[PDB]
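Heads up, the chain below is alone and in the form deposited in one PDB entry; it's given as structure tokens.
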């Protein structure tokens, strides 16, 4: 199918709140081999965010049930089989987007802003895999998440303003990775503190069209430091 045809189907599916349709439309647009516009990148991103986000929520609910309801071993098996069905779905989602990233998105990203975005995204979906993984498989994904986040971090610190919403958003998601996935309040607080401190030192770099985007992520990083050091 045509590029503008699938993009309109994705814009429609979004309005209809049919994100699995929205993601499949944008998967085909990506799988063609041509670099995505800022509009198409954001459509692919919000589509998979909701596709994966729904499975993450469902996983956090069934996992929370398994703990609080420990009696019938047949009930615990039903809970495990269902958690694992969602895990299978979660794994397949992240694989499909990590596949689109390595094969199409990251190689065709010309400008650094786009390269940071897709590398932060690679860190995100590897982190989503880490939440459900265990043992040796968990170790592989946590290391891949940290690497992809660090790669983007080094590119952003050299080719982007300290108040860039993609740089700040990366700082928030990377610090949360250290806090949730590596259980390091110290490393999480250090990333958030430095990122916030560097952004308030250079508020002059804010754009008059995307300053509210930056101040919002600068509030989420400020609320986390006060929450974590309480």
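Numbering follows the first chain given and starts at 1.
Pick between 197-205 and 54-62: the one whose mean CA B-factor in the entry is higher.
Between 197-205 and 54-62, it is 197-205.
Hey, which bit's got the bigger mean C-alpha B factor in the entry, 26-34 or 186-194?
Higher mean C-alpha B-factor in the PDB entry: 186-194.
Report the third (lowest, middle or highest) to which the CA temperature factor of residue 164 belongs, ranking only the modelled residues of the same chain.
Highest third - that is where residue 164 ends up once the chain's C-alpha B-factors are sorted.
Quick check for you: using the entry's CA B-factors within this chain, is residue 224 in the lowest, middle or highest third?
For residue 224, whose C-alpha B-factor we compare with every modelled residue in the chain, the answer is the highest third.
Sorting the chain's CA B-factors, does residue 67 end up in the lowest, middle or highest third?
CA B-factor rank for residue 67: middle third.
How does the C-alpha B factor of residue 230 compare with the rest of the chain: lowest, middle or highest third?
Ranked within chain, residue 230 CA B lands in the highest tercile.
Another form, the form deposited in another entry, is not on view; read the next lines as being about it.
Pivot point of the rigid parts between the shown form and the other one (hinge, one of 171, 148, 25, 199)
So the residue sitting at the hinge would be 148.
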